[PDB]
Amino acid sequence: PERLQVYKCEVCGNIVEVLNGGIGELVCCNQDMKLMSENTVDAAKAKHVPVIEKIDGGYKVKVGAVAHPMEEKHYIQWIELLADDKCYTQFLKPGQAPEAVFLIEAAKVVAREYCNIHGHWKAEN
């Protein structure tokens, strides 16, 4: 595994993010955890690809060009902003807006989001 990869157990729903990579295969519920590769699921890009906007002091990330649902069983569980050697994670909940604000000094950033149904998505400025 490599730093910042996200892995899911499809049995029990554990989802983890790698902070230090290594060669071992991550396992949960007696099977290999699935690597949630970004932008690989068949789903509406308009609702899943993050849109990155500047704000005073940082960035606002919206999921997506069309606001994604935030329902009990279908919501954006978190949005991340990646820059340099930083990974900023904003967890979200049903009933909230599908967006996040990050205060950061960084000219180049990557935004990620994870949808509990449609998996892992990213964009960059």
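Residue numbers here begin at 1 and follow the sequence given.
Averaged over their C-alpha atoms, the temperature factors of 102-110 and 6-14 are higher for 102-110. Look at the C-alpha B-factors of 49-57 and of 73-81. On average they run higher in 49-57. Each of 87, 36, 33, 41 has a CA temperature factor in the record; the biggest one is found at 41. The PDB entry assigns residue 29 a C-alpha temperature factor belonging to the highest third of its chain's modelled residues.
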